[PDB]
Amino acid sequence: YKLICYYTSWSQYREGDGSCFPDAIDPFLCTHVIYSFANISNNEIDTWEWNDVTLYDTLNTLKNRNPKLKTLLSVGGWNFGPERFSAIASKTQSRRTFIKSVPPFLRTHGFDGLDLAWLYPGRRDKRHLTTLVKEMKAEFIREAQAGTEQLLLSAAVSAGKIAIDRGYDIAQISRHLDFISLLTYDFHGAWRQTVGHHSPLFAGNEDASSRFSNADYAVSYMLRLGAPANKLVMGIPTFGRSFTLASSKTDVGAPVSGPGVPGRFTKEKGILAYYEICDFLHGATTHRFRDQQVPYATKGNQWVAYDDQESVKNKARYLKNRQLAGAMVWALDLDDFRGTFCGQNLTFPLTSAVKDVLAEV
């Protein structure tokens, strides 16, 4: 089983304990660590933060302690403009240019592969995304002839029924990608004025219409479209999405007035790190959707959909039972990486819980 873990560039800037650098990562925790996010300039892959070359270096030195550890660099990301990816891929010349620039870049900075986080391709992009993946893999196959270990190529894909149908030719890209990470966590949001869990495992017989917004549907659907389970990796959240209630109502369907107040460390409305949640819980009322098998908490006019050790182990058993290649955790720097926020002195509680179940039979 594979355990793919994402580490974000911008987390180094968070004040106090929220501050997190590559060296805080347990070299034996994950099988694959992915640095997010590289950038694209003059149609070439490039750094993003000013000190990336330094952090790249710090991250890849983890491989000195754990020789089996693999690292990848991800291009794209939610804030990277999709149109940008789009213009690059639609033109053979600009696409070949971006492709030819990757290997050298990775080799120099000691990465073992590239991760395409094109988010998200439109109806007019499906064909070119297939092209990008095919040609990028062909380049990696070629570059290996020089004697070095072949580079890995993965991709982060939406778990949204409509998003999948719209811009991905799953059957095609699966045969060229080493593993596909299913983003099975932003199923609900705060774009909709109602309370809901973003990463439910199962549907939940109550109030429906969605039926497609849960991990079990996404996995099954992907398997149906032609993706081998031995290449599918399921995404497990390490952050929660918050809401500001519009009424004293707390149960399913409750009215929402907008995102949640920012966390002291992550400073972003609508998002909370697991370590901020651990502090949030004190004095909060905790609940759990039995059908969906996930928890949520409420304090004041604040409502939080999150994942705890239990929900996470539960999702881990799930992918094992369906025989998937493994789990994908977003992100190591939102987990209790210091292990001084969530009680039981343990570094990376959530990611660890995943690792134990996978380590099990």
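Take the two forms, find the largest set of C-alpha atoms that superpose within 1.5 Å, and that set is the rigid core. The first residue of the shown sequence is 1; numbering continues from there.
Higher-deviation segment by CA RMS in 6 other deposited structures of this protein, core fitted, 152-160 or 78-86: Greater root mean square C-alpha distance in 6 other deposited structures of this protein: 78-86.
After fitting on the rigid core, pick out whichever of 212-220 or 187-195 shows the bigger RMS C-alpha deviation in 6 other deposited structures of this protein. Between 212-220 and 187-195, the one lying farther away in 6 other deposited structures of this protein is 187-195.
Higher average CA B factor in the deposited record is what I'm after, so tell me if that's 114-122 or 247-255. Comparing 114-122 with 247-255, the higher average CA B-factor belongs to 247-255.
Please compare 340-348 with 19-27 and name the stretch with the higher mean C-alpha B-factor in the deposited structure. If you average the C-alpha B-factors of 340-348 and of 19-27, the larger mean comes out for 340-348.
Residue, from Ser210, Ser74, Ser101, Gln150, that the PDB entry assigns the highest Cα B-factor: Each of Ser210, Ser74, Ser101, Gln150 was compared by C-alpha B-factor; the highest is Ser210.
Can you tell me which of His198, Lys137, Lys267, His287 has the maximum CA B-factor listed in the PDB entry? Highest C-alpha B-factor among the listed residues goes to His287.
Where does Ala297 sit by CA temperature factor within its chain: lowest, middle or highest third? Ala297: CA B-factor falls in the highest third of its chain.
Give the position of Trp303 by CA B-factor within its chain, expressed as the lowest, middle or highest third. Middle third, going by the recorded CA B-factors of the chain.
Lowest, middle or highest third: where is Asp216 by C-alpha B factor in its chain? Within its chain, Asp216 is a middle-third residue by C-alpha B-factor, going by the deposited values.
Third of chain Cα B-factors occupied by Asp186: Its C-alpha B-factor, which the entry lists for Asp186, ranks in the highest third among residues of this chain.
Mind checking which third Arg127 falls in for C-alpha B-factor across the chain? For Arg127, the deposited C-alpha B-factor lands in the highest third.
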